[PDB]
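Visitor: Pasting structure35.pdb below, which is PDB, C-alpha atoms (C1' of nucleotides) and all ligand atoms.
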ATOM      1  CA  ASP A  36    -108.027 151.672 111.459  1.00  0.00           C
ATOM      2  CA  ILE A  37    -106.516 154.371 109.263  1.00  0.00           C
ATOM      3  CA  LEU A  38    -102.808 154.160 108.502  1.00  0.00           C
ATOM      4  CA  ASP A  39    -101.847 156.673 105.801  1.00  0.00           C
ATOM      5  CA  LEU A  40    -103.322 158.806 103.031  1.00  0.00           C
ATOM      6  CA  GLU A  41    -104.147 155.764 100.931  1.00  0.00           C
ATOM      7  CA  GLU A  42    -106.302 154.113 103.581  1.00  0.00           C
ATOM      8  CA  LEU A  43    -108.180 157.335 104.274  1.00  0.00           C
ATOM      9  CA  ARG A  44    -108.623 157.421 100.510  1.00  0.00           C
ATOM     10  CA  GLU A  45    -110.415 154.094 100.287  1.00  0.00           C
ATOM     11  CA  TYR A  46    -112.450 155.008 103.358  1.00  0.00           C
ATOM     12  CA  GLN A  47    -113.613 158.050 101.425  1.00  0.00           C
ATOM     13  CA  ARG A  48    -114.328 156.360  98.084  1.00  0.00           C
ATOM     14  CA  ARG A  49    -116.382 153.675  99.799  1.00  0.00           C
ATOM     15  CA  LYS A  50    -118.513 156.217 101.644  1.00  0.00           C
ATOM     16  CA  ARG A  51    -119.048 158.429  98.613  1.00  0.00           C
ATOM     17  CA  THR A  52    -120.125 155.527  96.412  1.00  0.00           C
ATOM     18  CA  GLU A  53    -122.511 154.316  99.109  1.00  0.00           C
ATOM     19  CA  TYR A  54    -124.142 157.623 100.040  1.00  0.00           C
ATOM     20  CA  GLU A  55    -124.457 158.988  96.542  1.00  0.00           C
ATOM     21  CA  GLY A  56    -126.080 155.731  95.739  1.00  0.00           C
ATOM     22  CA  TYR A  57    -128.641 156.465  98.412  1.00  0.00           C
ATOM     23  CA  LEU A  58    -129.061 160.000  97.083  1.00  0.00           C
ATOM     24  CA  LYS A  59    -129.175 158.585  93.567  1.00  0.00           C
ATOM     25  CA  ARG A  60    -132.319 156.632  94.417  1.00  0.00           C
ATOM     26  CA  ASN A  61    -134.011 159.316  96.582  1.00  0.00           C
ATOM     27  CA  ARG A  62    -133.555 162.874  95.418  1.00  0.00           C
ATOM     28  CA  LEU A  63    -135.611 163.600  98.537  1.00  0.00           C
ATOM     29  CA  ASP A  64    -134.681 162.556 102.100  1.00  0.00           C
ATOM     30  CA  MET A  65    -132.970 165.852 102.787  1.00  0.00           C
ATOM     31  CA  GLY A  66    -131.475 164.649 106.062  1.00  0.00           C
ATOM     32  CA  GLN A  67    -129.352 162.406 103.879  1.00  0.00           C
ATOM     33  CA  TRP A  68    -128.014 165.413 101.976  1.00  0.00           C
ATOM     34  CA  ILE A  69    -127.296 167.030 105.338  1.00  0.00           C
ATOM     35  CA  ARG A  70    -125.470 164.054 106.867  1.00  0.00           C
ATOM     36  CA  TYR A  71    -123.463 163.579 103.696  1.00  0.00           C
ATOM     37  CA  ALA A  72    -122.466 167.227 103.738  1.00  0.00           C
ATOM     38  CA  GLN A  73    -121.423 166.782 107.361  1.00  0.00           C
ATOM     39  CA  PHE A  74    -119.167 163.864 106.492  1.00  0.00           C
ATOM     40  CA  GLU A  75    -117.773 165.982 103.695  1.00  0.00           C
ATOM     41  CA  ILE A  76    -116.804 168.623 106.267  1.00  0.00           C
ATOM     42  CA  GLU A  77    -115.190 166.116 108.634  1.00  0.00           C
ATOM     43  CA  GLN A  78    -112.861 165.318 105.718  1.00  0.00           C
ATOM     44  CA  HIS A  79    -111.604 168.930 105.885  1.00  0.00           C
ATOM     45  CA  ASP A  80    -112.485 169.287 102.202  1.00  0.00           C
ATOM     46  CA  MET A  81    -114.715 172.309 101.737  1.00  0.00           C
ATOM     47  CA  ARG A  82    -114.951 172.668  97.960  1.00  0.00           C
ATOM     48  CA  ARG A  83    -116.866 169.419  97.620  1.00  0.00           C
ATOM     49  CA  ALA A  84    -118.990 170.505 100.577  1.00  0.00           C
ATOM     50  CA  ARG A  85    -119.921 173.742  98.822  1.00  0.00           C
ATOM     51  CA  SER A  86    -120.978 171.829  95.710  1.00  0.00           C
ATOM     52  CA  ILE A  87    -122.879 169.135  97.621  1.00  0.00           C
ATOM     53  CA  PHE A  88    -124.900 171.849  99.301  1.00  0.00           C
ATOM     54  CA  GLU A  89    -125.469 173.752  96.039  1.00  0.00           C
ATOM     55  CA  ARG A  90    -126.916 170.612  94.463  1.00  0.00           C
ATOM     56  CA  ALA A  91    -128.860 170.046  97.672  1.00  0.00           C
ATOM     57  CA  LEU A  92    -130.452 173.447  97.028  1.00  0.00           C
ATOM     58  CA  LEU A  93    -131.264 172.748  93.393  1.00  0.00           C
ATOM     59  CA  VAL A  94    -133.307 169.843  94.721  1.00  0.00           C
ATOM     60  CA  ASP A  95    -135.378 172.069  97.020  1.00  0.00           C
ATOM     61  CA  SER A  96    -134.847 175.734  97.862  1.00  0.00           C
ATOM     62  CA  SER A  97    -137.860 176.020 100.191  1.00  0.00           C
ATOM     63  CA  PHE A  98    -136.271 173.937 102.958  1.00  0.00           C
ATOM     64  CA  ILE A  99    -134.513 176.485 105.152  1.00  0.00           C
ATOM     65  CA  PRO A 100    -132.492 174.335 107.553  1.00  0.00           C
ATOM     66  CA  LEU A 101    -130.328 173.481 104.582  1.00  0.00           C
ATOM     67  CA  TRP A 102    -129.797 177.189 104.023  1.00  0.00           C
ATOM     68  CA  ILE A 103    -128.860 177.638 107.673  1.00  0.00           C
ATOM     69  CA  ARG A 104    -126.536 174.645 107.794  1.00  0.00           C
ATOM     70  CA  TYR A 105    -124.986 175.830 104.571  1.00  0.00           C
ATOM     71  CA  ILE A 106    -124.272 179.044 106.425  1.00  0.00           C
ATOM     72  CA  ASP A 107    -122.846 177.466 109.565  1.00  0.00           C
ATOM     73  CA  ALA A 108    -120.840 175.173 107.331  1.00  0.00           C
ATOM     74  CA  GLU A 109    -119.173 178.331 106.062  1.00  0.00           C
ATOM     75  CA  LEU A 110    -118.801 179.987 109.461  1.00  0.00           C
ATOM     76  CA  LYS A 111    -117.564 177.009 111.473  1.00  0.00           C
ATOM     77  CA  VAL A 112    -114.555 176.973 109.130  1.00  0.00           C
ATOM     78  CA  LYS A 113    -114.104 180.631 110.087  1.00  0.00           C
ATOM     79  CA  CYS A 114    -114.512 181.865 106.505  1.00  0.00           C
ATOM     80  CA  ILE A 115    -116.969 184.730 106.307  1.00  0.00           C
ATOM     81  CA  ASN A 116    -117.334 186.185 102.802  1.00  0.00           C
ATOM     82  CA  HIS A 117    -118.938 182.966 101.580  1.00  0.00           C
ATOM     83  CA  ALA A 118    -121.289 183.302 104.532  1.00  0.00           C
ATOM     84  CA  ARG A 119    -122.073 186.719 103.093  1.00  0.00           C
ATOM     85  CA  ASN A 120    -122.601 185.931  99.395  1.00  0.00           C
ATOM     86  CA  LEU A 121    -124.753 183.068 100.603  1.00  0.00           C
ATOM     87  CA  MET A 122    -126.816 185.615 102.499  1.00  0.00           C
ATOM     88  CA  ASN A 123    -127.330 187.913  99.553  1.00  0.00           C
ATOM     89  CA  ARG A 124    -128.610 184.960  97.566  1.00  0.00           C
ATOM     90  CA  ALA A 125    -130.602 183.857 100.612  1.00  0.00           C
ATOM     91  CA  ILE A 126    -132.675 186.877 101.624  1.00  0.00           C
ATOM     92  CA  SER A 127    -133.077 187.718  97.948  1.00  0.00           C
ATOM     93  CA  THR A 128    -134.315 184.188  97.342  1.00  0.00           C
ATOM     94  CA  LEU A 129    -136.593 184.185 100.412  1.00  0.00           C
ATOM     95  CA  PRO A 130    -137.486 187.640 101.712  1.00  0.00           C
ATOM     96  CA  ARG A 131    -140.620 186.342 103.389  1.00  0.00           C
ATOM     97  CA  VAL A 132    -138.880 184.080 105.900  1.00  0.00           C
ATOM     98  CA  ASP A 133    -137.524 185.704 109.041  1.00  0.00           C
ATOM     99  CA  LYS A 134    -134.784 183.322 110.103  1.00  0.00           C
ATOM    100  CA  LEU A 135    -132.581 184.348 107.191  1.00  0.00           C
ATOM    101  CA  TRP A 136    -132.761 188.044 107.993  1.00  0.00           C
ATOM    102  CA  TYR A 137    -132.224 187.482 111.706  1.00  0.00           C
ATOM    103  CA  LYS A 138    -129.293 185.158 111.149  1.00  0.00           C
ATOM    104  CA  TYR A 139    -127.567 187.509 108.727  1.00  0.00           C
ATOM    105  CA  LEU A 140    -128.121 190.226 111.328  1.00  0.00           C
ATOM    106  CA  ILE A 141    -126.533 188.308 114.209  1.00  0.00           C
ATOM    107  CA  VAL A 142    -123.654 187.519 111.887  1.00  0.00           C
ATOM    108  CA  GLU A 143    -123.183 191.245 111.526  1.00  0.00           C
ATOM    109  CA  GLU A 144    -123.623 192.061 115.206  1.00  0.00           C
ATOM    110  CA  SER A 145    -121.064 189.589 116.498  1.00  0.00           C
ATOM    111  CA  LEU A 146    -118.812 191.270 113.958  1.00  0.00           C
ATOM    112  CA  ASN A 147    -119.997 194.599 115.453  1.00  0.00           C
ATOM    113  CA  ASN A 148    -120.210 195.951 111.922  1.00  0.00           C
ATOM    114  CA  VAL A 149    -123.046 198.481 111.968  1.00  0.00           C
ATOM    115  CA  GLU A 150    -123.134 200.066 108.492  1.00  0.00           C
ATOM    116  CA  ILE A 151    -124.515 196.775 107.261  1.00  0.00           C
ATOM    117  CA  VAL A 152    -127.182 196.264 109.922  1.00  0.00           C
ATOM    118  CA  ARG A 153    -128.306 199.819 109.260  1.00  0.00           C
ATOM    119  CA  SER A 154    -128.661 199.396 105.493  1.00  0.00           C
ATOM    120  CA  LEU A 155    -129.901 195.847 106.134  1.00  0.00           C
ATOM    121  CA  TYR A 156    -132.816 196.827 108.351  1.00  0.00           C
ATOM    122  CA  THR A 157    -133.380 199.618 105.843  1.00  0.00           C
ATOM    123  CA  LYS A 158    -134.265 197.005 103.245  1.00  0.00           C
ATOM    124  CA  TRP A 159    -135.916 194.486 105.575  1.00  0.00           C
ATOM    125  CA  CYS A 160    -138.187 197.300 106.701  1.00  0.00           C
ATOM    126  CA  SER A 161    -138.653 198.810 103.237  1.00  0.00           C
ATOM    127  CA  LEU A 162    -140.599 195.745 102.100  1.00  0.00           C
ATOM    128  CA  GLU A 163    -143.422 196.247 104.643  1.00  0.00           C
ATOM    129  CA  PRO A 164    -142.593 192.997 106.467  1.00  0.00           C
ATOM    130  CA  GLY A 165    -144.552 193.259 109.677  1.00  0.00           C
ATOM    131  CA  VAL A 166    -144.380 194.352 113.261  1.00  0.00           C
TER     132      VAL A 166
ATOM    133  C1'   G B   1    -103.540 160.734  19.343  1.00  0.00           C
ATOM    134  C1'   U B   2    -107.167 162.833  15.741  1.00  0.00           C
ATOM    135  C1'   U B   3    -108.177 166.799  12.763  1.00  0.00           C
ATOM    136  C1'   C B   4    -107.618 171.959  10.211  1.00  0.00           C
ATOM    137  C1'   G B   5    -103.928 174.875   8.237  1.00  0.00           C
ATOM    138  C1'   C B   6     -98.963 176.824   6.923  1.00  0.00           C
ATOM    139  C1'   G B   7     -93.870 176.302   5.517  1.00  0.00           C
ATOM    140  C1'   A B   8     -89.810 173.090   3.853  1.00  0.00           C
ATOM    141  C1'   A B   9     -87.910 168.841   1.330  1.00  0.00           C
ATOM    142  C1'   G B  10     -88.890 164.533  -1.686  1.00  0.00           C
ATOM    143  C1'   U B  11     -92.708 162.226  -4.910  1.00  0.00           C
ATOM    144  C1'   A B  12     -94.945 164.861  -7.826  1.00  0.00           C
ATOM    145  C1'   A B  13     -97.845 168.356 -11.405  1.00  0.00           C
ATOM    146  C1'   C B  14    -101.448 170.727  -7.033  1.00  0.00           C
ATOM    147  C1'   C B  15    -101.153 165.266  -5.454  1.00  0.00           C
ATOM    148  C1'   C B  16     -98.444 160.565  -2.013  1.00  0.00           C
ATOM    149  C1'   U B  17     -94.589 160.699   1.727  1.00  0.00           C
ATOM    150  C1'   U B  18     -91.365 162.773   5.495  1.00  0.00           C
ATOM    151  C1'   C B  19     -89.725 166.896   8.621  1.00  0.00           C
ATOM    152  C1'   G B  20     -90.876 171.444  11.333  1.00  0.00           C
ATOM    153  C1'   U B  21     -94.336 174.774  13.260  1.00  0.00           C
ATOM    154  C1'   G B  22     -99.367 177.391  14.415  1.00  0.00           C
ATOM    155  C1'   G B  23    -104.365 176.184  15.889  1.00  0.00           C
ATOM    156  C1'   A B  24    -108.422 173.196  17.761  1.00  0.00           C
ATOM    157  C1'   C B  25    -109.990 168.868  20.012  1.00  0.00           C
ATOM    158  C1'   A B  26    -109.038 166.288  25.490  1.00  0.00           C
ATOM    159  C1'   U B  27    -108.183 169.168  31.636  1.00  0.00           C
ATOM    160  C1'   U B  28    -106.942 167.866  38.693  1.00  0.00           C
ATOM    161  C1'   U B  29    -108.858 160.781  41.191  1.00  0.00           C
ATOM    162  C1'   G B  30    -108.989 159.073  46.492  1.00  0.00           C
ATOM    163  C1'   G B  31    -108.691 159.165  52.064  1.00  0.00           C
ATOM    164  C1'   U B  32    -113.108 160.236  59.062  1.00  0.00           C
ATOM    165  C1'   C B  33    -110.127 154.607  57.149  1.00  0.00           C
ATOM    166  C1'   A B  34    -101.803 152.098  57.467  1.00  0.00           C
ATOM    167  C1'   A B  35    -100.896 145.674  57.701  1.00  0.00           C
ATOM    168  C1'   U B  36    -102.391 140.847  64.151  1.00  0.00           C
ATOM    169  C1'   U B  37     -99.378 141.838  70.345  1.00  0.00           C
ATOM    170  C1'   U B  38     -99.513 148.133  73.345  1.00  0.00           C
ATOM    171  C1'   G B  39    -106.694 152.545  72.162  1.00  0.00           C
ATOM    172  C1'   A B  40    -110.412 148.397  74.201  1.00  0.00           C
ATOM    173  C1'   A B  41    -116.676 142.247  72.091  1.00  0.00           C
ATOM    174  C1'   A B  42    -118.941 139.145  75.273  1.00  0.00           C
ATOM    175  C1'   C B  43    -119.107 134.209  77.243  1.00  0.00           C
ATOM    176  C1'   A B  44    -117.023 129.951  79.186  1.00  0.00           C
ATOM    177  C1'   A B  45    -114.050 127.308  83.136  1.00  0.00           C
ATOM    178  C1'   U B  46    -112.324 127.293  88.620  1.00  0.00           C
ATOM    179  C1'   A B  47    -113.921 128.544  93.559  1.00  0.00           C
ATOM    180  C1'   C B  48    -117.800 130.737  96.689  1.00  0.00           C
ATOM    181  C1'   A B  49    -123.025 129.980  97.059  1.00  0.00           C
ATOM    182  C1'   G B  50    -127.546 128.572  94.813  1.00  0.00           C
ATOM    183  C1'   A B  51    -135.104 132.112  93.890  1.00  0.00           C
ATOM    184  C1'   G B  52    -139.347 139.199  97.418  1.00  0.00           C
ATOM    185  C1'   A B  53    -143.316 139.787 100.144  1.00  0.00           C
ATOM    186  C1'   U B  54    -144.043 134.743 105.338  1.00  0.00           C
ATOM    187  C1'   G B  55    -143.420 131.257 110.579  1.00  0.00           C
ATOM    188  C1'   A B  56    -143.176 128.336 105.322  1.00  0.00           C
ATOM    189  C1'   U B  57    -144.120 127.512  99.579  1.00  0.00           C
ATOM    190  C1'   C B  58    -145.590 129.921  95.317  1.00  0.00           C
ATOM    191  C1'   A B  59    -148.795 133.881  91.159  1.00  0.00           C
ATOM    192  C1'   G B  60    -147.951 138.311  90.332  1.00  0.00           C
ATOM    193  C1'   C B  61    -148.375 144.059  88.564  1.00  0.00           C
ATOM    194  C1'   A B  62    -146.122 148.466  89.628  1.00  0.00           C
ATOM    195  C1'   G B  63    -142.863 152.620  91.695  1.00  0.00           C
ATOM    196  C1'   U B  64    -137.118 155.517  91.602  1.00  0.00           C
ATOM    197  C1'   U B  65    -132.152 154.872  89.288  1.00  0.00           C
ATOM    198  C1'   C B  66    -125.925 158.950  86.235  1.00  0.00           C
ATOM    199  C1'   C B  67    -127.920 150.081  85.492  1.00  0.00           C
ATOM    200  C1'   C B  68    -129.444 147.822  81.619  1.00  0.00           C
ATOM    201  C1'   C B  69    -130.222 142.697  78.506  1.00  0.00           C
ATOM    202  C1'   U B  70    -133.595 139.895  74.562  1.00  0.00           C
ATOM    203  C1'   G B  71    -137.219 141.381  71.488  1.00  0.00           C
ATOM    204  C1'   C B  72    -139.658 144.795  64.890  1.00  0.00           C
ATOM    205  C1'   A B  73    -141.763 147.041  68.985  1.00  0.00           C
ATOM    206  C1'   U B  74    -145.467 152.424  72.252  1.00  0.00           C
ATOM    207  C1'   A B  75    -145.980 144.006  73.035  1.00  0.00           C
ATOM    208  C1'   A B  76    -143.906 140.962  76.580  1.00  0.00           C
ATOM    209  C1'   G B  77    -140.172 138.700  78.995  1.00  0.00           C
ATOM    210  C1'   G B  78    -135.115 138.758  81.516  1.00  0.00           C
ATOM    211  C1'   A B  79    -135.720 135.796  89.916  1.00  0.00           C
ATOM    212  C1'   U B  80    -142.423 139.977  90.212  1.00  0.00           C
ATOM    213  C1'   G B  81    -134.990 141.790  85.510  1.00  0.00           C
ATOM    214  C1'   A B  82    -131.250 143.781  88.812  1.00  0.00           C
ATOM    215  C1'   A B  83    -130.055 147.844  92.437  1.00  0.00           C
ATOM    216  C1'   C B  84    -133.840 149.595  97.109  1.00  0.00           C
ATOM    217  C1'   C B  85    -133.647 146.534 102.678  1.00  0.00           C
ATOM    218  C1'   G B  86    -128.832 150.482 105.089  1.00  0.00           C
ATOM    219  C1'   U B  87    -126.503 154.627 108.238  1.00  0.00           C
ATOM    220  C1'   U B  88    -129.644 158.689 111.120  1.00  0.00           C
ATOM    221  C1'   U B  89    -129.147 164.949 116.673  1.00  0.00           C
ATOM    222  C1'   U B  90    -129.761 172.045 116.035  1.00  0.00           C
ATOM    223  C1'   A B  91    -135.806 176.999 112.545  1.00  0.00           C
ATOM    224  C1'   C B  92    -134.968 175.302 118.881  1.00  0.00           C
ATOM    225  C1'   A B  93    -137.544 178.065 122.793  1.00  0.00           C
ATOM    226  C1'   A B  94    -140.414 179.301 127.231  1.00  0.00           C
ATOM    227  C1'   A B  95    -141.410 178.801 132.896  1.00  0.00           C
ATOM    228  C1'   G B  96    -139.715 176.800 137.558  1.00  0.00           C
ATOM    229  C1'   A B  97    -135.722 174.884 141.134  1.00  0.00           C
ATOM    230  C1'   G B  98    -130.516 174.347 143.212  1.00  0.00           C
ATOM    231  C1'   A B  99    -124.755 175.502 142.867  1.00  0.00           C
ATOM    232  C1'   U B 100    -121.118 179.274 141.160  1.00  0.00           C
ATOM    233  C1'   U B 101    -119.354 184.581 139.838  1.00  0.00           C
ATOM    234  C1'   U B 102    -120.164 189.816 139.680  1.00  0.00           C
ATOM    235  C1'   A B 103    -122.282 195.406 139.431  1.00  0.00           C
TER     236        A B 103
HETATM  237 MG    MG A 201    -141.247 143.080  83.565  1.00  0.00          MG
HETATM  238 MG    MG A 202    -140.676 134.187  91.927  1.00  0.00          MG
HETATM  239 MG    MG A 203    -139.479 145.231  88.486  1.00  0.00          MG
END
Just give me the structure as structure tokens.
Guide:
Amino acid sequence: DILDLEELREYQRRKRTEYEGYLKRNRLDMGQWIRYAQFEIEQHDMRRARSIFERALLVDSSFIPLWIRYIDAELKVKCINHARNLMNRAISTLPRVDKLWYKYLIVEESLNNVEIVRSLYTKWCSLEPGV
RNA sequence: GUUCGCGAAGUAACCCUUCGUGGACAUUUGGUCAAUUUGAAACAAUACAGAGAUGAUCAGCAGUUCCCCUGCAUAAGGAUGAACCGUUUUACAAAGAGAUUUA
């Protein structure tokens, strides 16, 4: 299969042309955006992955699992701060959904960092969310 | 080059000519751009074939696209214009049962 950089290169170009064709015809079919992001991670190239998600959000922001996976895409590379900024834009974009708040929480508990989860629940309570 | 005027010389008798000088008249074009190979036409020819819905042979309208072509066109054609026909795993839990480890 692959020999050197140049063969990997053509194996990328071919995929990108193909997929972004299939995204070019359907702006929808979110699973396609997901899968294509996943490929983009397996190429160990993040920057493109970040973009590809961002665009995937500008298509639809009300589909959470793309939020989530665009978190875990930042964490599984063991880079946190992006998985923070993403969370500020997330809960601020969707206060009414729970899974964002809970996930940002757990991210701050497995880091043990309390000052956050204090101030955090201070907000997430202060909005009269529910029981 | 014209004209007004002055001075000088000559002709002269207030002029005809020549020289010098003052003044006025007339007053800023064009370039996005160099002259054939190396700052960009597109077809044709060769080879490979040789027309969507079906079991098969055809009429067709659409729909999406960071594809357009012909047409004056908001008409209508261009294979129903072409491309589409593919790759596909996580909001994830609850109850029960066996093996392993530990307070
Ligand atoms: Mg037509
Ligand atoms: Mg036909
Ligand atoms: Mg058509």
Visitor: For segment 3-14 of chain B, work out the shell of residues within 12 Å, counting all atoms listed in the file and skipping chain neighbours fewer than 5 positions away, then give it as a ChimeraX atom specification.
Guide: /B:19-25
Visitor: Please identify all protein, DNA and RNA residues within 9 Å of ligand MG 203 (chain A), counting all atoms listed in the file, and report them as a PyMOL selection string.
Guide: chain B and resi 61-63+80-82
Visitor: Quote the spacing between atom CA of residue 57 of chain A and atom CA of residue 97 of chain A in Å to one decimal place.
Guide: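 Atom-to-atom, atom CA of residue 57 of chain A and atom CA of residue 97 of chain A are spaced 21.7 Å apart.
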Visitor: When the PyMOL selection byres (((chain A and resi 89) around 12) and not hetatm) is applied to the structure above, which residues does it catch, written out as JSON, numbers by chain?
Guide: {"A": [68, 69, 72, 82, 83, 84, 85, 86, 87, 88, 90, 91, 92, 93, 94, 95, 96, 101, 102, 104, 105, 106, 121, 124]}
Visitor: Using only C-alpha atoms (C1' of nucleotides) and all ligand atoms, which residues of the polymer chains come no farther than 12 Å from ligand MG 202 (chain A)? I'd like the answer as a PDB file with C-alpha atoms (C1' of nucleotides), keeping the file's coordinate frame.
Guide:
ATOM      1  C1'   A B  51    -135.104 132.112  93.890  1.00  0.00           C
ATOM      2  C1'   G B  52    -139.347 139.199  97.418  1.00  0.00           C
ATOM      3  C1'   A B  53    -143.316 139.787 100.144  1.00  0.00           C
ATOM      4  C1'   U B  57    -144.120 127.512  99.579  1.00  0.00           C
ATOM      5  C1'   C B  58    -145.590 129.921  95.317  1.00  0.00           C
ATOM      6  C1'   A B  59    -148.795 133.881  91.159  1.00  0.00           C
ATOM      7  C1'   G B  60    -147.951 138.311  90.332  1.00  0.00           C
ATOM      8  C1'   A B  79    -135.720 135.796  89.916  1.00  0.00           C
ATOM      9  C1'   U B  80    -142.423 139.977  90.212  1.00  0.00           C
ATOM     10  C1'   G B  81    -134.990 141.790  85.510  1.00  0.00           C
TER      11        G B  81
END
